[PDB]
Amino acid sequence: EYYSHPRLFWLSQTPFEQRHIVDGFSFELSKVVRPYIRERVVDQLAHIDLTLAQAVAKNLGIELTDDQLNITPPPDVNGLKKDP
Amino acid sequence: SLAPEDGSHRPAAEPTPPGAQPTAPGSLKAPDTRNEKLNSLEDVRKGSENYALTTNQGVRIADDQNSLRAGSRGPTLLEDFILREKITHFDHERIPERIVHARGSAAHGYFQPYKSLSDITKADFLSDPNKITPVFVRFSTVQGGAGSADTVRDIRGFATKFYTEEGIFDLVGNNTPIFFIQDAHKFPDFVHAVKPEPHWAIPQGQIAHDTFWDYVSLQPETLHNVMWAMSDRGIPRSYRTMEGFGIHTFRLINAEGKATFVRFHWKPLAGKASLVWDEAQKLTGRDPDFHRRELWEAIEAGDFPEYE
Amino acid sequence: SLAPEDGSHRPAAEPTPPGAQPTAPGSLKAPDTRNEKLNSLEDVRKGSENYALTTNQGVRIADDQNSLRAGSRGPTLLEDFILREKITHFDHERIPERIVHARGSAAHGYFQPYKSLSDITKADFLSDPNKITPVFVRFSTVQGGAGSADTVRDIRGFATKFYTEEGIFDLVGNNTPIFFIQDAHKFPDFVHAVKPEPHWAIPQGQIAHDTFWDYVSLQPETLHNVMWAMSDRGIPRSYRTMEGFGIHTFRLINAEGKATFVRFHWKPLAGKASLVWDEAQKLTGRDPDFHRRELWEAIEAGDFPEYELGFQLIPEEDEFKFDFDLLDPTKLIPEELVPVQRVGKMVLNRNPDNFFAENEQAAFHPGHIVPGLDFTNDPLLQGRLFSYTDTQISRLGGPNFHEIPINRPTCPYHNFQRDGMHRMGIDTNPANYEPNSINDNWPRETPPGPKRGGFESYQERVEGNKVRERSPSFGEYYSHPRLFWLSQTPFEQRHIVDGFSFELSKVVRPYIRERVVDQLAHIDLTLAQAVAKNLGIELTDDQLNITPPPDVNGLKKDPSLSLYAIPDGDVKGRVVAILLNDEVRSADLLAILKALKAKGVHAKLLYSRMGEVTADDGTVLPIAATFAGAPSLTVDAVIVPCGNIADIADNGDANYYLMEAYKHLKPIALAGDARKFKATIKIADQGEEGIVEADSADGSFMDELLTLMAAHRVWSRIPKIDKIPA
Amino acid sequence: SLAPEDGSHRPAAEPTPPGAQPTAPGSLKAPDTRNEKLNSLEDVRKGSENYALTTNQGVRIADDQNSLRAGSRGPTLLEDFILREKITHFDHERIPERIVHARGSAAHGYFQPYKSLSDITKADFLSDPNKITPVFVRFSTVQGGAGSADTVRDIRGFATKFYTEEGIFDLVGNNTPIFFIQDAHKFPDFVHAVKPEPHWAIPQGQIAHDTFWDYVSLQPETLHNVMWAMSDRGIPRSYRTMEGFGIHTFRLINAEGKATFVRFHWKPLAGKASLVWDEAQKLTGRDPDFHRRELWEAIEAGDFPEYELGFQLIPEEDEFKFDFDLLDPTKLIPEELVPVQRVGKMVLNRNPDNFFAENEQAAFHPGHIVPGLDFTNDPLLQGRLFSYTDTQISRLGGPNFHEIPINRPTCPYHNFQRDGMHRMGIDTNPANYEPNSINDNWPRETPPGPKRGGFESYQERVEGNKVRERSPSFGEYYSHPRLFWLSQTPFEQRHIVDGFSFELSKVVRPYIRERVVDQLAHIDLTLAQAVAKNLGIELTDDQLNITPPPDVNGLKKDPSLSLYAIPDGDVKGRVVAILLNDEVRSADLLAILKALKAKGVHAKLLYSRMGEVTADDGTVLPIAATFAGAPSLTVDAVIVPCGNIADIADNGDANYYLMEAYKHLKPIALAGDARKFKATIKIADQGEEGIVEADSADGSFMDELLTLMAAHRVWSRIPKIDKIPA
Amino acid sequence: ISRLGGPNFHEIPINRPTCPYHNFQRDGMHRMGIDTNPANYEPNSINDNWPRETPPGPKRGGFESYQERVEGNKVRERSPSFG
Ligand code: HDD
Ligand code: HDD
């Protein structure tokens, strides 16, 4: 199981810490020369959190599919939806 | 005599703020800072003042400015053993750097418990709050070589050697609470993916390249630590202002033989703090030794790194 | 299958401009490029497509995702040999880096002489203009580790391995014509002084620290190379745009036995070009791999690094004809006194396949000479000859380092030497000694002769006592630093002042700064006061009155010492940033690129995000990088076409892009409404030299921009840069 | 300084008997003997004839007799790079020797199975009777260094590297079917006890010392292999005339996934034969290289060493059916309980070219298995799997030891491992990790299956707690030593008694000797008494009442444990001394040599000086060695033809030659007047079994001698040798 | 350098001098001595140039080679006097 901890981490960050995460992914993936790799990473982010995946995608000039827009979020961690 | 008359070549042996004095070897800066491990190193410390310059065999050198030659414009002679020993030693100075965490900065210190933990572990170093355990701690990045920059976006290592009365315990942690991968058999694959790519050995100290993201995209188990590295966690302000973690579940074992599962943490008493990306990247150019410098200088100033 | 269906994971096996494809191992990028050395490496090259994954023993691996454990949540078992072999190899990947020049970037190529040099040397590789000699070349910095940054202020190394028919010749040089010290015995002292200081191992890739300047202040022989290092020579734009020198006087030996003194040169056919300090320092942060990248990408693009080998030749009878000693490696031979004679051309046209195996493991050593060359008594060269064989015993694991594929001669090699760690060759000779009868004394000694002869040293007369003494002829320290200084343009002089000033500010112990200022007062008073002033130091009356050193054999200057005095610019292979907006005027872009293409200048199309933008006429424009992602530091010029300028006009990054580029003296070109960006760099309404501007990008907008690029940087802009917060 | 005009410096490239020609590198001696591994080494074999002597960089050397000096009586100059390369290489020739089995002798050869074993194993190398697998085999002692003697009392190693189509398999065995200890954790304790003692590094090549016997007395698990070591198995006649054993139980895995337990055996087709102790000990002085020499010469002669591979196979369901644990390496599986099934033949038919390159640098490791084989939990094997990969990192200088030519697979190998010291392979794969998309994931994992599949471990059930505990089933130490004892012939028993008595007499601390005799009293009271008597020890009543251990699964003996109880004589490749006189009766020599040649038995012609003697008919006889120069220790039998016996009759060395041969139980044949020598060895006129005599050396005379040689030694003479002063 | 694993073989106990030894040499495999000198080069001012060179003299002086006269050409040649 690969997405619920990334998600718990994401949701525990402040809104500026989330912006910096989006920025880090966007900058990083801009430096990836093979565009399919950037897309496959965006696919992964859509399994973690749609808002994150969309904000990174916008910066890369990628458009989420319907499918990607419909991936169910992973479950909470033992009933936690954040830990400060 | 080459030193300045006024003695301004020598830093004072008292705590001083960053930039107030030239930095110095620790036993010269802080000679009365002691612990059992620093004292035990006294057998191998070598001084220099007032001693004659010698070969490694103890022979006093008269002229350390010239090779032996036939005529003062002549060829160098094979019998110049002084030159060949000095150049042999130089020629062999380097040893292989660490495979990972080759870039790192280290200091001596001590650990003391807040109370006896004997109800949950028989580890002698945790048995009594009056038990003082010398430590040596090395903080590090992961990917770059030993000559790489400090303020990269990367995971940091946080390794502590506890010189206990019942053996060395090394607690070899990082600054995030998980790792990228599940099973050791994949570590050379992950590490090769993050390291400089094999055709042209670029990039140094950077995860921003195709092979890293190729591996991530194919191995979703990475995504959790990749989140941490993409956050400002990946660019600490200082080794003094980041957390540490053992990452693995280990066991404590008490005198009864009862096992408790444990995960280890270090909590920075200076608080948590990170750079922003533009500042960190630019800082690898303006001062690639920023973290190493600031650790050394905090200690010199008496801003001792403290962790719980 | 993990590769995408459209094959976009695989770079095109053909010349492509930087950024156009991912980079690749050289035998995959350019399979059709060949030479004798590359062909002889074929027996060790290993592929991968269509092969099973195995152990190193050749056993196929079924599951390379997991360790062997007792239960799927159980302990790992010691019998897991596949895990332990893979982790063992990983655990022992590293070898010691080079003691000095640990940071370097290398390519394959070839060399050819323009004509036979048999009247002056019997060296076979110089005997026939049709004889092509493969080479392997490694360029390097000196101080930093293998993982240090490229665009530091430092000396550069320029080392060439010539795989000749009569042996390996290694020409192991630097990019300045002298070195810092006179006698090898002082190398560990000098190198420890420049290296990170021993208590805390700071600073990396930097000469701006106390112990370096302490050494220099106490050892004035150093000042000549220090002048070079403080000039913009210390910060080359590219390995392709710097000079190379052997530094030492060597000898050529012809078939008659006549010795001619020689110093070796490489002339960059792409010309001489350096960064400016702020640019270079910031670039170590934005792309610490910039030179390695630039070299690899030029080769992938077909912008092959080219250099002309040249010789300064002095007859034996002229040994004493100069004001300096020819054996003193802190002295240069001015080209005005002994011209460089052109010898041949070297072209670097293939990257390695594996950086570790070919680059990291290459071993160059100036004692690797061939019949037709010989040494002199230069006492720095003399000690080098010991070091380079010695250091290889630990760095490369033992005495068989010449069996590592990259180091192997392509010519025959046979002898009575045996064993040693990781011995490859399996000798069948019944004998391992000579003289022997049991193999009829083979392999046999070979007398010297005009071609294909044994090596014999030139029988130079030696006379004197066994002494540790410096020649008194070497004890002059200031006249060559003076000639260098006076040979520099006023802007190059300003950059020298600024180099010493910035470096000495980083020296914590003020007396060291004062002592270096006093040394500078012995070289040139103007230089010395301008540095003093920047340091808040006032020269004494005594310092004010030091007589300057004498000129060198009547020379008041030599313009061959300047990077820029005599223009020799070449735009081929340089790169332009093109700042896009959301509706670019397509006729601007078409004209820009057509003109860039005709001169072999590259482009990168930058915007505020990745993806694409669409032009006024509907053309889709692919974006290479963001403004922040590919900074102006990495390009030679910036061009901004018209269109929807309002899109980017209050973009902080796009504005800062033009400011950084302006500060660093780069040509900037602005078309139509992009002219609005004049306000950000404070250009007057009527403009200024070095900013190209027009209603559109013609004919003649691009000729003016390309003319600025041929001149590299806009030196006349310098007094204007202090105004701008960038 | 050259070869004799006659060509007599060069061995004929034809099979020749020992001594007929100087020995030579295998590729020169037998150039038409080939196999896939020998051929694959051609990229690294280096010739010599007609080539110029060079530096390692390929520069021709003119004068290899002198250093470069300032005047011909002057100091050596540092610029002499030829001297320093040659001396640097020499200075770094040595590598660390193997921790154990440092002394060893190796050859190339081939293996093939008699029939497909696909019903019991999917290992490719056992799948087809006409698919030949190259091998390299190294035989060795255990304790002594690489320059110790061959014919010591010790265990021998028998390691075979099989270069299969599906990977290297190394069967790393010894010449006895058990080892001294149970768990790998004790290997350093045991090895340190057997090796030279740490204060003074004595004794070399010998277990006859206090620390060894201290360990043995305190660890009765050792007694079994100690019994084999004290028997004449400890002193083989040749590596050709000993058994090999893998020792551990391993697994065979077939295509259906069925596991059969298996113990590996090698059967010597030349038969089992050992020295006697006095002979073995004196031979370590007379020729410390006797086994290395005899192997090399047998291969040069065409007497190729042949061994039959055999398996003991035990179904999984029968794991617990014996009275010993199958996973206990101190226990053997008697052949009376589990027969050896014949599997295939290995022939060694070519010597190496260079001992260091091919023998010293070979790396064998029992974890190098292939699909169709697997491990068991034998706790000695389990720790071996860690040790052999680990030790090679220092011994061979790093993790690229499989690229050293002798160690290379001849099948494909490809993976993502990179770098390491002296890396030869240049990988072109864009990817150095998997999973990867950039190279479409090549090289790829391969599912397990019937042939050509990936390796998957047999899914053995593991159930237990993490413990450092010896299995209680391993805690029995006497019953196998006893089975071994009772299975020896009376003379083999005497020689065991003599081996213990001699050994313990060298233990300085008498209590250790006492404690060892107490152990023996738990094995067999007759053994213990016979050893005690030689030590002047008297067994207590309690010792006299120790109950003998149980029979092994009802066995009171197993004759397959004795070297000699069942005749398996083979005289081909054995060697006879022929003692010449100055007027040999040529008719005798003719008949001797004809009959020896018919059975492939070699001869050495011996005299009181070197050169030639001339026989009665004019035949010029060249002399191979003097009586003293090639002692009776080095031959299997002695023949003295008639002639001028007066010439040698009172020669001390000729007489002593027969005394030493007689003492060591070798057959002796005396023709004509040679019968006068019967007096030196006290033989009655009626003659004695073991002494062949007649008026001339005819058909019948040689048949009798040949029959005696087929029985190896004359055991019946033992009572008669205590008399003679030799 | 290979036999004993690097340039610090003088630090293996049996090989150690019993008199003082100080210099500017540093690092190498298996390095035992922990130098506290601020300087690892000479000439230095930062440690007042210690440890210092020592002129030759009658006792406790620096090593200086005897100034033998050398005269000849650079040759790889055996002296006829050895023949
Ligand atoms: C006595 C010691 C010594 C001295 C006086 C010098 N060097 Fe050096 N240099 C070395 C000892 C050394 C070395 C230790 O042997 C290196 C490091 C590792 C190696 O293989 O060679 C080396 C590396 C090295 C390299 C990198 C070779 C490569 O790419 O692997 C270059 C270009 C030079 N040197 C050039 C010079 C020049 C042009 C000098 C002065 C004219 C000079 N060095 C003085
Ligand atoms: C864990 C320690 C350990 C243990 C318990 C053993 N060995 Fe071993 N053996 C080694 C550790 C080792 C080694 C240290 O790894 C050697 C020496 C250098 C090398 O390459 O391997 C070695 C060498 C070695 C050689 C020489 C191969 C050659 O010629 O290079 C043979 C034949 C054996 N062993 C056989 C055995 C047998 C039949 C054992 C038990 C039944 C055994 N060893 C137990």
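Residues numbered from 1 in each chain as written, not as in the entry; some residues may be left out. Chains lettered and ligands numbered in written order. Part of a larger assembly, values for the part shown. Heavy atoms only, no water.

Could you give me a rundown of the sheet that holds strand 20 (residues 668-671) of chain D, with the residues and numbers involved?
Backbone hydrogen bonds hold the strands of a sheet together, and the pairing may be parallel or antiparallel. Residues and elements named next belong to chain D. Taken in spatial order, the six strands line up as 18-15-14-19-20-21 in an open sheet, and their pairing is parallel. Edge positions in the open sheet fall to strand 18 (625-626) and strand 21 (691-694), since each of these has one partner strand only. Here four bridges tie strand 20 to strand 21, and the two strands are oriented parallel to one another. In the sheet register, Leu670 faces strand 21, and the bridge partner there is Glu693. Sitting on the sheet, helix 18 (residues 699-710) touches strand 14 (575-579), strand 19 (637-640), strand 20 and strand 21, and the angle it makes with strand 21 is about 180°. (Pairing = 2+ DSSP bridges. Helix = DSSP H or I, 4+ residues; strand = E, 2+ residues; numbered from the N terminus. Contact = heavy atoms within 4.5 Å. Axes fitted to C-alpha atoms, helices over the stretch in contact; angles between N-to-C directions.)

Outline helix 17 (residues 652-663) of chain D, listing residues and values.
Residue and element names in this part refer to chain D. Along its 12 residues, helix 17 runs 16 Å from first to last C-alpha, staying within 8% of the 16 Å computed at 1.5 Å per residue. Listed in full, the buried residues belonging to helix 17 are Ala654, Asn655, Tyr657, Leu658, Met659, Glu660, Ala661, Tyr662 and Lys663. You can read the cap of helix 17 off the contacts: a side-chain oxygen lies 2.9 Å from the backbone nitrogen of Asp653, and it is on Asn651. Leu665, located one to two residues past helix 17, shows a positive phi value of around 75°. (Expected span 1.5 Å × (residues − 1). Buried < 20%, exposed > 50% of the residue type's maximum accessible area, 1.4 Å probe, protein only. Polar contact = N/O pair within 3.5 Å; in protein donor to acceptor, adjacent residues only side chain to side chain.)

Got a sec to walk through the sheet that holds strand 13 (residues 461-467) of chain C? Specific residues and values, please.
An order of 2(B)-13(C)-2(E)-2(D) is seen for the four strands of this open sheet, with the pairing classed as antiparallel. The open sheet is flanked by strand 2 (69-70) of chain B together with strand 2 (69-70) of chain D, the only strands paired with a single partner. With five bridges connecting them, strand 13 of chain C and strand 2 (residues 69-75) of chain E associate as antiparallel partners. Its bridge partner lying in strand 2 of chain E, C:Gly464 is registered against E:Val70.

A description of the relation of the copies chain C and chain D should follow, citing residues and the corresponding values.
Expressed as a screw transformation, the operator carrying chain C onto chain D has a rotation angle of 180° and an axial translation of 0.1 Å, and the superposed copies differ by an RMSD of 0.3 Å. What the superposition gives is, in effect, a two-fold axis relating one chain to the other. (Least-squares fit on C-alpha atoms.)

Any details on the packing of aromatic side chains? Residues and values, ideally.
Applying the stated criterion to the full structure yields 102 aromatic pairs over all chains. Centre to centre, the rings of C:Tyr607 and C:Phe627 are 6.5 Å apart; their planes meet at 70°, and the pair counts as edge-to-face. In this pair, C:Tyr607 is assigned in strand 15 (residues 602-607) and C:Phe627 in the loop between strand 18 (625-626) and strand 19 (637-640), connecting sequence segments 20 residues apart. Relative accessible area serves as the criterion here: at 4%, C:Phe627 is assigned to the buried category. Three or more aromatic residues joined by ring pairs form one cluster here, namely C:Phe111, C:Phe125, C:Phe139, C:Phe158, C:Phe162, C:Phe169, C:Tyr239, C:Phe250, C:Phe264, C:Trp266, C:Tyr307 and C:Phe311. Taking NZ or CZ as reference, C:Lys46 lies 3.9 Å from the ring centre of D:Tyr413, over its face. If you follow C:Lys161 out to its NZ or CZ, it ends over the ring of C:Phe364, 5.2 Å from the centre. (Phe/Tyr/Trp six-rings, centres within 6.5 Å; stacked < 30°, edge-to-face > 60°. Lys NZ or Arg CZ within 6 Å of the ring centre and 35° of its normal.)

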